[PDB]
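Below you'll find the structure, written out as structure tokens, and then a few comments.
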Ligand SMILES: Cc1cccc(O[C@@H]2CCN(C)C2=O)c1F
Ligand SMILES: [Cl-]
Ligand SMILES: [Zn+2]
Ligand SMILES: [Zn+2]
């Protein structure tokens, strides 16, 4: 305990020796209060005017306009039963071994870390890299870990954050998981890391082709808050596949920063509290993704074991049941992993049959309680892969006029237009705002070409922003100045392993839409008076934005669509 977190607490107290206090009215029951000190300080979502001027009909849709305006953390999950714990340990050992069969754990390097900083995700961290003083501090902490101690690895609430140095040490020990694609479908069988939103539909359709029952897509309630110390210890077992320095460095990150967290949090009552918890997820956005994918893969194999009647009770695992679990994993584990599509806390499972639906004892006792359903009510499965929710999307099967088959991503169009109308942070020039608009427009042309309103608005934004201006922000092929019909052909035809005939598409009229009623169901404004006026007069809205940016080189993309041809 304090033997691992002490120094960090001691260091902070010293830097604030003239404002320390052990407030006895602290609002913490599940987090351990250590003290506070004087603090004073706070980012609200701003509107992208380029996108908003070119999406006027949506100015009166509350679902869109309300997106731009604007408890579970202090909870405790019970220690699972012993049979649950044995199931998890056995499954986690086997999964780490399967993931490392065709992969080599290895350290990430300052050079890799630096290049990422010089390319985005001392003031800015891009300045600390050059200052060797920073790296001197890193080595200090680094040699501090090698002894099994930490002093500078404390999270700052507000998506917790850490000093760049601590981020590097986590990257040096665990970066290999994302950088070498451990949760790729090829290597994990259930994973989709790096697979792309033009690939998720095809994946779900392949899972659908397997013999079995319904497709289940149960979202967990506050997954980040339900990670047990048992899960963190099962995650740590990746170190068993490591060697030398790496093995000790990874062990330290798991022991000192994950399985023993120290966090600073603001409290208006403004006294910065210093709480400590050994449970829940408190790592990187990228390591969190991969460890979430891993623990979700483990939970879903165990839920599959329970449906298939591999174990009878979680209270205790018999020696015979252990051999049965191990034999099940060795005999059908890879096939069972291929039945799932997991992305961090998000999953779709096509189990052997619908006994899975009522198999809830292990899932509930692991703490992975389902959202918006009664703890013991059986799961509502899906009978059609095109209505399954995954990664905030559903997928449409769409037949091209030449009979070739596209599987396309889709979501409620209010959500897509609402997100494009928002810019994160401040100090945006007109040009930087125009180029963020252009990133949305190019994404829409690539992924959402099949929605009539988004193809039209994407053409309008690309016509309203200078042709040579560069778009600025798994697979983001819209982040380019290349012609969008050429990127469409590469993504949907040339590089698409589900498409046998590689004949390029010659124009945008050969690229199909959803049904008109399909379009409206998914939130299109086709058939509204406001939308017809918007379309008819689109060249006037384009001209308004062009007049604001000024006399630059612009290209007219509206003649790509049939109606705008003279
Ligand atoms: C381009 C276009 C313009 C106007 C109406 C349209 O379709 C109407 C409106 C919704 N719906 C199911 C229809 O049949 C349309 F597609
Ligand atoms: Cl139709
Ligand atoms: Zn440390
Ligand atoms: Zn849809």
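Residue numbers (the deposited numbering): 273 to 314, 317 to 344, 357 to 407, 419 to 455, 474 to 584, 588 to 791, 799 to 891. Note that the Cβ used here is the ideal one computed from N, Cα and C, for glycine as well.
Let's see if you can read the secondary structure: which residues bound the alpha helix (DSSP H) around residue 724? For this step, residue 724 is matched to residue 406 along the chain shown. Run containing residue 724: none in the alpha helix (DSSP H); it sits in the beta strand (DSSP E), 723-728.
Quick one: measure Cβ to Cβ for residue 416 and residue 610, integer angstroms, because I've assumed they're closer than 8 Å. Coordinates for residue 416 are absent; the numbering of the chain skips from 407 straight to 419.
Quick check: the Cα distance between residue 565 and residue 490, rounded to an integer number of angstroms? Residue 565 sits at position 250 when you count from the first residue of the chain shown. Residue 490 sits at position 175 when you count from the first residue of the chain shown. C-alpha separation (whole angstroms): 10 Å.
Cutting at 8 Å between CB atoms, please list the residues of its own chain near residue 706, excluding the five before and the five after it. Taking the first residue of the chain shown as 1, we reach residue 706 at position 388. Exclusion of the five residues before and after residue 706 leaves 519, 530, 532, 666, 700, 712, 713 as the residues of its chain whose Cβ lies within less than 8 Å of its Cβ.
Quick one: give me the first and last residue of the alpha helix (DSSP H) that residue 401 is part of. Taking the first residue of the chain shown as position 1, residue 401 is located at position 115. Segment 396-403, the alpha helix (DSSP H) holding residue 401.
What does the alpha-carbon distance come out to for the pair residue 657 and residue 697? For the purposes of this step, residue 657 is taken as the residue at position 339 of the chain shown. For the purposes of this step, residue 697 is taken as the residue at position 379 of the chain shown. Rounded to whole angstroms, residue 657 to residue 697 spans 17 Å at the Cα level.
Just checking, does the stretch 490-500 make contact with the stretch 643-652 on the three C-beta pairs under 8 Å criterion? no
At the level of alpha carbons, what is the spacing between residue 640 and residue 646? As a position in the chain shown, residue 640 is number 322, starting the count at 1. As a position in the chain shown, residue 646 is number 328, starting the count at 1. Taking the straight line from one Cα to the other gives about 10 Å.
Quick check: is any heavy atom of ligand 1 less than 6 Å from the C-beta of residue 698? Within the chain shown, numbered from 1, the residue matching residue 698 stands at position 380. No, ligand 1 has no heavy atom inside 6 Å of this Cβ.
Using only alpha-carbon positions, find the residue among 562, 629, 803 that is nearest to residue 393. The count along the chain shown starts at 1 and reaches residue 393 at position 107. Considering only alpha carbons, the answer is 562.
C-beta atoms of residue 617 and residue 370 nearer than 7 Å: Your numbering for residue 617 matches position 299 in the chain shown. Your numbering for residue 370 matches position 84 in the chain shown. The answer is no: Cβ separation not under 7 Å.
If you measure between the beta carbons of residue 315 and residue 730, is that distance less than 7 Å? Missing here is residue 315: after 314, the next number in the chain is 317.
So who's on the other strand from residue 688, going by DSSP bridges? As a first step, residue 688 must be located in the chain shown, where it is residue number 370. DSSP output for residue 688 lists 535 as bridge partner(s).
Could you tell me whether the stretch 779-789 touches the stretch 717-734, where touching means 3 or more Cβ pairs closer than 8 Å? no
Does ligand 1 have even one heavy atom less than 6 Å from the beta-carbon of residue 848? Locating residue 848 in the chain shown gives position 523, where the first residue counts as 1. No, ligand 1 has no heavy atom inside 6 Å of this Cβ.
With hydrogens ignored, establish whether the beta-carbon of residue 662 is closer than 6 Å to any heavy atom of ligand 2. Counting from 1 along the chain shown, the entry for residue 662 is found at position 344. Outside the cutoff, so no.
For a test of your reading of the model: does the CB of residue 665 fall under 6 Å from any non-hydrogen atom of ligand 3? Yes or no. Sequence index remark: in the chain shown, residue 665 carries index 347 (1-based). No; taking the cut-off as 6 Å, the Cβ of residue 665 has no heavy atom of ligand 3 nearer than that.
Out of curiosity, what's the CA-to-CA distance linking residue 805 and residue 756? Residue mapping note: residue 805 aligns to position 480 of the chain shown, counting from 1. Residue mapping note: residue 756 aligns to position 438 of the chain shown, counting from 1. When rounded, the distance between both Cα atoms is 10 Å.
Can you grab the Cα-Cα spacing for the pair residue 292 / residue 273, in whole Å? Here residue 292 corresponds to residue number 20 of the chain shown, with the count starting at 1. Here residue 273 corresponds to residue number 1 of the chain shown, with the count starting at 1. Between residue 292 and residue 273, the C-alpha separation is close to 21 Å.
Best match in 810, 799, 800 for proximity to residue 776 [C-alpha to C-alpha]: Translated into positions along the chain shown, residue 776 becomes position 458. Cα-wise, what sits closest to residue 776 is 810.
What are the start and end residues of each continuous alpha helix (DSSP H) run of 4 or more residues lying completely inside the stretch 826-862, in chain order? Whole alpha helix (DSSP H) segments, 4+ residues: 841-846, 854-861.
Is residue 704 closer than 7 Å to residue 511 when the C-beta atoms are compared? Taking the chain shown and counting its residues from 1, the one referred to as residue 511 is at position 196. Taking the chain shown and counting its residues from 1, the one referred to as residue 704 is at position 386. No.
Considering only heavy atoms of ligand 3 and the C-beta of each residue, which residues fall inside 7 Å, strictly closer? Taking each Cβ in turn, the ones that pass are 438, 441, 442, 447, 448, 449, 450, 481, 484, 571, 572.
Scan the stretch 594-674 and note each continuous alpha helix (DSSP H) run of 4 residues or more that stays entirely inside, going in chain order. 603-625, 637-655
Same chain, Cβ closer than 8 Å to residue 837, neighbours up to 5 away in sequence not counted: For this step, residue 837 is matched to residue 512 along the chain shown. Closer than 8 Å at Cβ, skipping near neighbours: 716, 717, 718, 719, 724, 768.
Looking at the structure shown, is residue 545 part of a helix, part of a strand, or coil, going by DSSP? The residue you call residue 545 lines up with position 230 of the chain shown. Reduced to three states, the DSSP call for residue 545 is helix.
If you count every other CB in all the chains shown that lies within 10 Å of the CB of residue 763, and 16 or more means buried, which is it? If you number the chain shown from 1, residue 763 lands on position 445. Result: buried.
Would you say residue 304 and residue 321 are within 7 Å of each other, going by their C-beta atoms? Numbered from its first residue, the chain shown carries residue 304 at position 32. Numbered from its first residue, the chain shown carries residue 321 at position 47. In this structure, residue 304 sits away from residue 321, with a CB-CB distance that is not shorter than 7 Å.
Cβ atoms of residue 739 and residue 325: under 7 Å apart, would you say? The sequence position of residue 325 within the chain shown is 51, counting from 1. The sequence position of residue 739 within the chain shown is 421, counting from 1. Yes, the Cβ-Cβ distance between residue 325 and residue 739 is below 7 Å.
Closest by CA to residue 367, which one among 543, 505, 474? Here residue 367 refers to the residue found at position 81 of the chain shown. Nearest C-alpha to residue 367: 543.
Strand pairing of residue 357, partner residues [DSSP]: If you number the chain shown from 1, residue 357 lands on position 71. In DSSP, residue 357 forms no bridge with anything.
Can you tell me the Cα-Cα spacing of residue 708 and residue 877, whole angstroms? As a working note, residue 708 is residue 390 in the chain shown. As a working note, residue 877 is residue 552 in the chain shown. Using only the alpha carbons, I get a separation of about 41 Å.
Let me check one thing: in DSSP terms, what residues is residue 308 bridge-paired to? Position 36 of the chain shown, counted from the first residue, corresponds to residue 308. Residue 308 is bridged to 293.
Environment of residue 615 [buried if 16+ CB atoms lie within 10 Å]: Here the question's residue 615 lines up with position 297 in the chain shown. Buried, by the Cβ-count rule.
Enumerate in chain order the residues of its own chain whose CB-to-CB distance from residue 673 is below 6 Å, with the five nearest sequence positions on each side excluded. Residue 673 sits at position 355 when you count from the first residue of the chain shown. 625.
Is the stretch 573-583 touching the stretch 275-287, taking contact as three or more C-beta pairs under 8 Å? Between the stretch 573-583 and the stretch 275-287, the count of Cβ pairs shorter than 8 Å is three or higher; the stretches touch.
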